[PDB]
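Visitor: For reference, the structure I am asking about is given below.
Each answer follows from the model by the rule given with it, or from the source it names; no laboratory instrument gave them. Note: ideal-geometry Cβ built from the backbone for every residue, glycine included; neighbour counts use all protein chains shown.
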Amino acid sequence: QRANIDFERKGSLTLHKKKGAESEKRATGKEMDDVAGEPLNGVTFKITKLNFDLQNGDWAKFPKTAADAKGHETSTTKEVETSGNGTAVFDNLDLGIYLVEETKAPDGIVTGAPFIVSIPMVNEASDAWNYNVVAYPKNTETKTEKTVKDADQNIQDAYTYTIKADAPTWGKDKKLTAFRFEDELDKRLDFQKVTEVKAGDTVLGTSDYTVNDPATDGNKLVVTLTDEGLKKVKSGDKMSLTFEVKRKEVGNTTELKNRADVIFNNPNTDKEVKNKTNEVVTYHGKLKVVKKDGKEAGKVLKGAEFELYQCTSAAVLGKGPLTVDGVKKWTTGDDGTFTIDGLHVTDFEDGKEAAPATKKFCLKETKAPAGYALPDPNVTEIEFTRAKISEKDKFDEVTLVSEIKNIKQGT
Ligand SMILES: [Ca+2]
């Protein structure tokens, strides 16, 4: 039998796309059953026939890497997306040298580097020519998540944001050359400090990263890893950033949203990868108290003193007197009112619906205006929920108003 190449034959390329760690094992070009990772559907591959002649050209001069292929591209191309078991088949292929590139991939996928394939090929000199080439390209799934720890933290109380992100994987020629966290903070927020930067289970020191100054940087936070920092990062490590903030005021809406970004190099293609987190929400509103004379019609009262408590009901006071923005006692003004700017809603915390919505606020009247008796009970429980603060009474959307009555002493 002849061992020659049959140039009246047509070849094929079969890609078995995998989600996982790179193959530092040079592939046979034949079937391998290397299901180390999970099959990845949705990745598109583009093959490009190169000018090189297998029939009459010098094979010693043929490209062996994606870099050597540059400048030898032809108009003959084909695009296929992975479908069943993360498989893309390129059929009725003219014999020749092809460049294989990833054109599209799903969200969070860090693609592998482009590669070169010969149709036909041999793994070993003793093998028969192989016209049906099989390759196992690799990819890495990198997820980015944002959480908020803001339970019982009112206006000017420090609360934290935490950004979690999967670092990419890198081969032994390849490396992680850049890695940063970006977060555009709402104008109502004041950055406090970065509390923790973690690479896997390794808590980094302040020499391993840099912090910009959000106040003079349009309220945008940037936390970049230095050269020292990067050295501590291992392939595919779970990166973490916890930083502290204070909400200055309630503002125009009860809700305050946060979303962040992670930017790193693709170790294989060296091109920048931006990854965006989910959006998290913190809710605060204002509490307005109006002191009224119970028996004397349409009359407000100056000089009524109050304290604020956490409570399950008016008969059962919890934490308090509470300090909200350096004040732990409020007195009604010349208009018979005061406004606490502001408090954490009782029905939504740490980024989710409160379970159970048992928390309430309690106003304790500590002193009645001159010539007025101290009401009994002197405690008013408040259902400070998003829905109740949202109600309007033109007689607003971010303020909940509480009417409290006092009666003149003696009679
Ligand atoms: Ca309201």
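Visitor: Determine whether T87 is farther than 22 Å from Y136 by Cβ, surrounded by 13 or more Cβ atoms within 10 Å (Cβ to Cβ) and among the hydroxyl-bearing types (S, T, Y).
Guide: No, not satisfied.
Visitor: If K149 meets every condition in (1) surrounded by 17 or more Cβ atoms within 10 Å (Cβ to Cβ); (2) more than 30 Å from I116 (Cβ to Cβ) apart from one, which number is that one?
Guide: Only one criterion in (1) surrounded by 17 or more Cβ atoms within 10 Å (Cβ to Cβ); (2) more than 30 Å from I116 (Cβ to Cβ) is unmet by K149, namely (1).
Visitor: Here's a follow-up. Among the numbered conditions (1) more than 19 Å from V262 (Cβ to Cβ); (2) buried (at least 16 other Cβ atoms within 10 Å of the Cβ), tell me where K174 comes up short.
Guide: Single failed check for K174: (1).
Visitor: Mind checking whether some residue in segment 31-44 is over 41 Å from the mean Cα position of the chain (by Cα), assigned by CATH to the domain that holds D127 and surrounded by 17 or more Cβ atoms within 10 Å (Cβ to Cβ)?
Guide: Scanning segment 31-44 turns up no residue that is over 41 Å from the mean Cα position of the chain (by Cα), assigned by CATH to the domain that holds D127 and surrounded by 17 or more Cβ atoms within 10 Å (Cβ to Cβ).
Visitor: Can you report the number of residues in segment 352-389 which are surrounded by fewer than 15 Cβ atoms within 10 Å (Cβ to Cβ) and within 16 Å of the ligand (Cβ to nearest atom)?
Guide: Qualifying residue count for the region: 3.
Visitor: Hey, can you tell me all the residues within segment 166-220 that are within 11 Å of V233 (Cα to Cα) and among the polar types (S, T, N, Q)?
Guide: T169, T177, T202
Visitor: Consider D341 carefully, then state whether it is acidic (D, E) and assigned to a loop (DSSP other than H, G, I, E, B).
Guide: no
Visitor: What do you reckon, is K234 assigned by CATH to the domain that holds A165, among the basic types (K, R) and surrounded by fewer than 16 Cβ atoms within 10 Å (Cβ to Cβ)?
Guide: For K234, the condition - assigned by CATH to the domain that holds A165, among the basic types (K, R) and surrounded by fewer than 16 Cβ atoms within 10 Å (Cβ to Cβ) - is met.
Visitor: Of all residues in segment 390-399, which are near the ligand (Cβ under 6 Å from one of its atoms) and of a type in the set (V, I, T)?
Guide: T399
Visitor: Can you say whether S402 is of a type in the set (S, T, Y) and more than 10 Å from the ligand (Cβ to nearest atom), as far as the supplied structure shows?
Guide: Yes, satisfied.
Visitor: Identify all residues within segment 183-222 that are of a type in the set (S, T, Y) and under 21 Å from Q153 (Cα atoms); write none if there are none.
Guide: Hit for segment 183-222 is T195, nothing else.
Visitor: Note down all Cβ pairs under 9 Å where the first residue falls in segment 389-411 and is over 17 Å from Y283 (Cβ atoms) and in the same structural domain as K299 (by CATH), the second is more than 12 Å from the ligand (Cβ to nearest atom) and of a type in the set (D, E), and they're at least six residues apart or on different chains.
Guide: If the second residue must be more than 12 Å from the ligand (Cβ to nearest atom) and of a type in the set (D, E), the pairs left are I404/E365; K405/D293; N406/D293; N406/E365; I407/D293; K408/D293; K408/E296.
Visitor: Just for segment 380-411: of the residues that are assigned to a loop (DSSP other than H, G, I, E, B) and hydroxyl-bearing (S, T, Y), which one is nearest to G298 (Cα to Cα)?
Guide: The residue in question is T411.
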